[PDB]
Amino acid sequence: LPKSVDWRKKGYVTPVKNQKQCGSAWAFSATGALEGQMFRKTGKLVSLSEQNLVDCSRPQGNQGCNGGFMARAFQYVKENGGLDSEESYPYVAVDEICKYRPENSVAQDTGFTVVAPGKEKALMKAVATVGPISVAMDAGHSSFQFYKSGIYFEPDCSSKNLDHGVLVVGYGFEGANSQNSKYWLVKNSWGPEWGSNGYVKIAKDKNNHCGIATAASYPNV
């Protein structure tokens, strides 16, 4: 596997978005992974609709602004036959009527692949060979809310009780040695003003810190 990976540098990642006051991070994590896989398939980067997932995936077990799961979102896109673009189905951060329009669909998936739970090396192999990967993490800390720079490490993090979905867009390391000061490159959905231009470096190979490899997955396009 490569010493470092950064899918943003290859055109697979849309600019940072903002879920605002709606518990839809699972929808942003799923659209981010589908955006990367659709770009790997077609060469076209198209921003996808989180609101389509918030309003329409209750049958699959999501709860809109009250939370949801990235795998249930990829299940909805499979059962539904498509997912609309961000431009055609705009984000409003509140639960609304499902307005899915097949004529505006720009993405599809046949299901999803799960990464072995808790295995950071399996997650590293998926990020390197597939593209951006949906992951859940423990973001329930003021250290995360006010994160600004550097490798994030929080002693109070959990690897099993997770409350937020994010997108791993790569991994890297600080310095000359590729085997230490490692980190996961994570795209959040709290706007570009949060964190480091909307991203955070989470400590890597530090016992699955904040649960990043506990429940990772990606859509099959």
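Just count from 1 along the sequence shown to find any residue number. C-alpha atoms forming the largest set that superposes within 1.5 Å between two forms make up the rigid core.
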Q: Going by root mean square C-alpha distance after a core fit, say whether 29-37 or 175-183 is farther from the shown form in 4 other deposited structures of this protein.
A: 175-183
Q.
Please compare 30-38 with 174-182 and name the stretch with the higher mean C-alpha B-factor in the deposited structure.
A. 174-182
Q.
Quick check: 130-138 versus 108-116, which has the larger average CA B-factor in the record?
A. 108-116
Q) Based on what the PDB entry reports, which of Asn52, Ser47, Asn161, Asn188 has the top C-alpha B-factor? A) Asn161
Q. Between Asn18, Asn208, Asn197, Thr14, which one tops the list for C-alpha B-factor in the PDB entry?
A. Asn208
Q.
For the chain shown, is the CA B-factor of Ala203 in the lowest, middle or highest third of its modelled residues?
A. highest
Q. Looking at the C-alpha B-factor of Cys98, is it in the lowest, middle or highest third of its chain?
A. middle
Q.
Using only modelled residues of the chain, where does the Cα B factor of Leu123 rank: lowest third, middle third or highest third?
A. middle
Q: Check where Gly67 lands among this chain's C-alpha B-factors and tell me if it's the lowest, middle or highest third.
A: middle
Q: Quick one: classify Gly61 as lowest, middle or highest third of the chain based on its Cα B-factor.
A: middle
